[PDB]
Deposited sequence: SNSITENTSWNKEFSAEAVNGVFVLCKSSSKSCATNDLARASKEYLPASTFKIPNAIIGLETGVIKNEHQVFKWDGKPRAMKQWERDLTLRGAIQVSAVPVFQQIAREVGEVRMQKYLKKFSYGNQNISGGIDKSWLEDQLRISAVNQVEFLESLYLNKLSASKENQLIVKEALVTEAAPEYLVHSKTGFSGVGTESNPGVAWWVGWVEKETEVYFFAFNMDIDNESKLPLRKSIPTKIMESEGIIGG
């Protein structure tokens, strides 16, 4: 029996940074989610680089991504960022959100196959022609964690390992950042931080998004959720 609760206590962390956003934290064992804003938790936004998670699974399931050790070689021709100008593994391409690598994977999969898997994954309603909510992100990440997506357990495991961003004796953090851009002062951009924490035998799924009009605010997409999860005693 799935449930969600509104917790005004986290508004502190948003107010202190003057951030308009939402944090959704779900405890797997109790099938209970908590958020600071139910309305925004259900609102759909451009996924930006969070879309690299389903794109990676689809890339492996279709065969476009050969296997776990697939290397995305750089032809030497300049790219939007120097961090993309080199050979990358799946983990490498995911961490730096390498646009050209995932655009190439998407082209080889094709429009029809890409849409077929996104419907099967219930992923929102091609990265720019799609919108997804924080609640939809945690549901999708839980399906991935449980290997319940329409793809082999092996391909789901490859993507889960490639998303590892923090390891401690008591927990493993799997996560993905997203940033659509600054947008305009009228219609701001969106910044995301989504993932899950395997802490002892408990699993916590999280999705954070915020309005962003200045690239200088990007660090807040990790600091606000990190402070909330630290105060919940989930991570350090």
Relative to the deposited sequence, which regions have no modelled C-alpha positions in the structure?
126 to 136, 248
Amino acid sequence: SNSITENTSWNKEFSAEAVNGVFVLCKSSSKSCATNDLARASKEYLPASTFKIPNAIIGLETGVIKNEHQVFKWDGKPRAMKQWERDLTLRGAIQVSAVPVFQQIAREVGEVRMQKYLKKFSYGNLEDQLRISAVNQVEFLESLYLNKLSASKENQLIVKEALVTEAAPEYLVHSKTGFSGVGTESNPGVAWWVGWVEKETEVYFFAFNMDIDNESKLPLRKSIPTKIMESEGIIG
From here on, numbers count along this sequence of modelled residues.
Assert higher mean C-alpha B factor (78 to 86 or 148 to 156, deposited values) equals 78 to 86
On average, are the C-alpha B-factors higher in 26 to 34 or in 194 to 202?
26 to 34
Among 163, 141, 135, 112, which carries the highest Cα B-factor?
112
Report the option among 42, 62, 175, 49 whose CA atom has the maximum B-factor in the deposited record.
62
Chain-relative C-alpha B factor for residue 189 (record values, thirds): the middle
Rank-wise, by C-alpha B-factor, drop residue 183 into the lowest, middle or highest third of its chain.
highest
Which third, lowest, middle or highest, does the C-alpha temperature factor of residue 55 belong to within its own chain?
middle
Chain thirds by Cα B factor, record data; residue 12 belongs to the highest
